[PDB]
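Structural description and commentary
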Amino acid sequence: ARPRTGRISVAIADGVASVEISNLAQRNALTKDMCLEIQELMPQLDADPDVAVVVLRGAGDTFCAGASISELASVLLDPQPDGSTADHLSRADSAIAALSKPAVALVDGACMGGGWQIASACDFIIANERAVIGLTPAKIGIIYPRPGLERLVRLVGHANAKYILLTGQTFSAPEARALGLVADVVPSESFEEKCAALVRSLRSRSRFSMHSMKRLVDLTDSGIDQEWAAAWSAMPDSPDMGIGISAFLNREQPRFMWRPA
Amino acid sequence: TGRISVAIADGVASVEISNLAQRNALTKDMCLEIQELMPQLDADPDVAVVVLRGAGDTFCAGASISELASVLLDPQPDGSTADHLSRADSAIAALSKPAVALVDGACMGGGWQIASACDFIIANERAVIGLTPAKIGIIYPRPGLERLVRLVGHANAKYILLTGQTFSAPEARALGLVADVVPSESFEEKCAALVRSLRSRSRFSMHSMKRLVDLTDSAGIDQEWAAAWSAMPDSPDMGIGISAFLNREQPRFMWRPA
Amino acid sequence: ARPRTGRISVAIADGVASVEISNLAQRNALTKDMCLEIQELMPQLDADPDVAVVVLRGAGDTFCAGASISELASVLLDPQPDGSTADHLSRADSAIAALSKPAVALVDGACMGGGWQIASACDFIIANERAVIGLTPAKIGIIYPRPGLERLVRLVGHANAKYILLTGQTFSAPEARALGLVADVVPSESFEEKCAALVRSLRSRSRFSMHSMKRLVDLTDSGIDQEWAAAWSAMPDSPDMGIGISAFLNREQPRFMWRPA
Ligand SMILES: C[As](C)(=O)[O-]
Ligand SMILES: C[As](C)(=O)[O-]
Ligand SMILES: C[As](C)(=O)[O-]
């Protein structure tokens, strides 16, 4: 019996695109094809006016075991006609990081190796208490790809990054949180309810605010002055500020209107 | 009627954000008062330490929403606009003296920006913190956004700003938004002892390190290090500290600014 | 009765160099001679092919009480023939931080003043739950040396660094961890077992991976493009990647082979 093929699927409802990493026979490991699919899918979701928020999640009760080891060179060192190589896992990471819309990773079960790199490409990660996280290049003889390694260092600092990468240890979700690898941890019995509420919240906020701030955060410590001037000047011209002020003063929830162009 | 008040005793300037009807929201006038007050405190030889807190049991609800444009987008005769909340922030962050924010109750919107302009924040366990520009359709001002990103990292900053969620003080601490959390029953006593501690440390050490920390990651910095390192043994505090330690007693330090 | 002289010793077994700060009469405070010994030793350890990992630990049940206060000027302000002064504690710190091999500080008991500086020059710190950490220059009227101050600022952020330095408070290990001063905390009853397992882990990982990543982490936000290109290109030429892939696919532990040249 041959395994069911690994794939990245998407389901869209109420402005939320649920992107699922589905390769359960390999604990949701990423194949080269899966990386290519993410790479193609993220710009389509960014252009789709029916999508306001992206949610990234593993099929079943596990997030992602990393690049598939049985095809590791094709994922990280894939030869190209011009004589370079391509790291498809990093290109997938970048496609997710370039989304202008909010993206959240919901991590349950195991998030291993390049799984964290994909998860961390989202804006932030919410983990189930029972999840485990390990970055294991050192268990395999490879190097964590540059964008992942730099992002780690910036999120958790130099010392924690070394603890994480040199030992390749597996951490519980509350440990991962203490280290800075994830933004929040939710008990298992309420994980589903809390993630659904979180998503509803992101669907209620001003999209002008979220788009602007996501972009301005991403530029911080990466010119940047021109982007700030443009966003600050767009702010009163967007309809969301007036709607937000007046909702607040009337003690009601705002019905925001700005949409990406 | 909203106002900034100050009381000075034993080298401690207690600055209070007082606008209780609006849960200590900042008006434009209040921002202008902070802006004027900080440099006076810095020049006052009777002030060693500044403590910032809210009137009653609540810290600051942010820029007053009913006058939001006046606080953040105040038009100026040359055609620019002013952000008075950021100017206030910057007046607090330019203090050369140690400044601590004591946060109880709610610290919302720009409240965190004012609090975080101090050197660090100590929160009561029952306090709540939310940064809510995304609930209003605005953008967090640049100094505050950047400071946030540098204190909590990119991912936590987005979690905080994109959701605009309200966090308990322990959660805020886990995220990096405040430096420590004290249970409610012992908050006042512990804050008072913290303040007594700052008042008994070497002021040469505090002044120097606050400044060197603030310069870290902003030739210019080399000269400041060389000047401070060279001033260190010429200040009296080092000899007083060494000898107090060896005699097993608490040092009575003497260096004073300016 | 004269005190037993403070010293830095090393013991080497199974590729681990255990470096011990031994000056128990002063709670393992560092004298000038001890700082000079660290400074001379670290490069020897880096060049010794029998050493793969360095572990830094205090004699007995305490780590380090900082520069010895009774000889503070000779450690921090040591006069030199050209009229300048030398900070031996910082030079010891730099010698440790220049190690290309993995280095871990195991902190028990007290780690005070410049003790944190020496510990934080290692890649990361594992603390016993009963350990205490305080950075106390402000209790003494001095300034934390620049490499330490900057490292602190980068590891814990500006606000936590000012809380730590301006108060000079002593923190418990779990507090120090919450602030970012140490990477992990282990209960006292299992500290020895868990440190030994940690060290065995580091001795099991790919040394190609550890060397490369340590160096790339240390370069992040410090030329860097060329280093990345060289390491990435070396990766498939090193034998460790092929050994790591096969071991994983055969469900066994890898026996890695790369060694530094
Ligand atoms: C860094 As690449 C060649 O995988 O785009
Ligand atoms: C015009 As401004 C940057 O001083 O608020
Ligand atoms: C900064 As020095 C001359 O003590 O190495």
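Its PDB header attributes the entry to X-ray crystallography and lists the resolution as 2.2500 Å.

Our next topic: the site of ligand 2. Residue and element names in this part refer to chain B. The environment of ligand 2 is made up of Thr81, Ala82, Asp83 and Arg87. Measuring from an oxygen atom of ligand 2, one finds a backbone N or O atom of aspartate 83 at 2.9 Å. Take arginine 87: an N or O atom from its side chain is 3.1 Å from an oxygen atom of ligand 2.

The next subject is the nonpolar core. General note: in soluble globular proteins, nonpolar side chains tend to be found buried as a group. Within the largest apolar cluster, 270 residues are counted, with the highest numbers of intra-cluster contacts made by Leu181(A), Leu177(B) and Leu181(C). Setting aside residues no more than four positions away along its own chain, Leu181(A) makes contact with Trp116(A), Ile125(A), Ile133(A), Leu135(A), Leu152(A), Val156(A), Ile164(A) and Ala176(A).

Attention now moves to the relation of the copies chain A and chain C. When chain A is fitted to chain C, the residual RMSD is 0.4 Å, and the transformation amounts to a turn of 119° plus an axial shift of 0.1 Å. Read as a symmetry element, the transformation amounts to a three-fold axis. Using C-alpha coordinates, one finds that chain A approaches the rotation axis most closely at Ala178(A), a distance of 4.0 Å.

Following the sequence through the fold, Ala247(A) ends up in helix 12 (residues 240-249). The residues contacting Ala247(A), other than those within four sequence positions of it, are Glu252(A), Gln253(A) and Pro254(A).

Looking now at the packing of helix 10 (residues 207-219) of chain C against helix 11 (residues 224-234) of chain C. Residues and elements named next belong to chain C. Where helix 10 contacts helix 11, the axes come no closer than 11 Å and their chain directions differ by 165°. When the axis of helix 10 is compared with that of helix 11, the two are roughly antiparallel. Crossing hand, helix 10 versus helix 11: left-handed. Across from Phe208, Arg215, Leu216 and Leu219 in helix 10, the residues of helix 11 making contact are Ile224, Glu227, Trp228, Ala231 and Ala234. Partitioning the contact of helix 10 with helix 11 into residue classes produces seven nonpolar, no polar and two charged.

Definitions and limits used
Residues numbered from 1 in each chain as written, not as in the entry; some residues may be left out. Chains lettered and ligands numbered in written order. Heavy atoms only, no water. Residues with missing side-chain atoms left out of burial classes, pairs and counts. Near = heavy atom within 4 Å. Polar contact = N/O pair within 3.5 Å; in protein donor to acceptor, adjacent residues only side chain to side chain. Core = buried A, V, L, I, M, F, W, Y, C linked by side-chain atoms within 4.5 Å. Buried < 20%, exposed > 50% of the residue type's maximum accessible area, 1.4 Å probe, protein only. Contact = heavy atoms within 4.5 Å. Least-squares fit on C-alpha atoms. Helix = DSSP H or I, 4+ residues; strand = E, 2+ residues; numbered from the N terminus. Axes fitted to C-alpha atoms, helices over the stretch in contact; angles between N-to-C directions. Parallel < 35°, antiparallel > 145°, perpendicular 65-115°, else oblique. Left-handed = near helix turned anticlockwise from the far one by under 90°. Nonpolar A, V, L, I, M, F, W, Y, C, P; charged D, E, K, R; others polar.

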